[PDB]
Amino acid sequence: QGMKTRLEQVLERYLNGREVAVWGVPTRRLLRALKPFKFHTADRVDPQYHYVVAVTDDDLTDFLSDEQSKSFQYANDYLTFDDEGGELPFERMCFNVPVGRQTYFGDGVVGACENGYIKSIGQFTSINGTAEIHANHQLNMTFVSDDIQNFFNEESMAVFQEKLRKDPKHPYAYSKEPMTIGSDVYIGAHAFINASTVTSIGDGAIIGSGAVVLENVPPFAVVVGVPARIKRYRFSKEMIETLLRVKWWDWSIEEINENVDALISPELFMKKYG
């Protein structure tokens, strides 16, 4: 591929001449990524000479259960291969989609990034692995199937995709801006977001479990239900207005540790920034 995966971005910044020790049975995709480096099956590992790469999450659990792993820092010294959505201490990219710091999501949102459904994902955003993000099929035609186009010749493909781009309900997310997910967002298990109608999820939004959101979620609102309805705002109006332009999620690691009291007490946060 032309766009670097999460494993390749981590290695580019933290490997630093060491050889990669593979903790687990590798995939063909992994062997292609490790081709330029020296790599081997992990036996005796030393973080001064080695960088452990666990193939799967279950292989990571086995590695952390090993006594050899407690001299290995999270991303500086190891990583999970099959974890494109895993959180990171630095801003990264996922199929031309910027992902903030300490932001994690599941395989469904990863596939949504590759489909072009997402424009950006904020910092300190927590998304459950079971969450799904898909677009709508076309509804202005006699059929709803998408793989019917596998039978169209050119002449038929040109006219089918012609109406697709000229559709105000955005089938396959064709005619809309890619959806943005803000910072400090929480998304629960079994949640769903429609990539055809949702174009923005505000910062600090909370999506309940089993919730099916079909429209935009304003910042710091808690949407819940099937379909998702706003049941309560997370903060007061004055806080949401202030929080939107102070942007604590863009602070440095030292500045977050300086204003712990402001981030911990919401009543103190307004006092310092209202």
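When you see a residue number, it is the position in the sequence shown, counting from 1.
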Higher average CA B factor in the deposited record is what I'm after, so tell me if that's 115-123 or 169-177. 169-177
Of 198-206 and 73-81, the one with larger mean CA B-factor: 198-206
In this crystal structure's PDB entry, the residue among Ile230, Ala211, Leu60, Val52 with the greatest CA B factor is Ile230
Among the candidates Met93, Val159, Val185, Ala131, give the one with the maximum CA B-factor reported in the record. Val159
Is the Cα B-factor recorded for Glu67 in the lowest, middle or highest third of its chain? middle
Considering every modelled residue of the chain and its Cα B-factor in the PDB entry, is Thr242 in the lowest, middle or highest third? highest
If you rank every modelled residue in this chain by C-alpha B factor, which third holds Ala189: lowest, middle or highest? middle
Comparing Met3 with the other modelled residues of its chain, is its CA B-factor in the lowest, middle or highest third? middle
Assert third(CA B-factor, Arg44) within chain per record equals middle
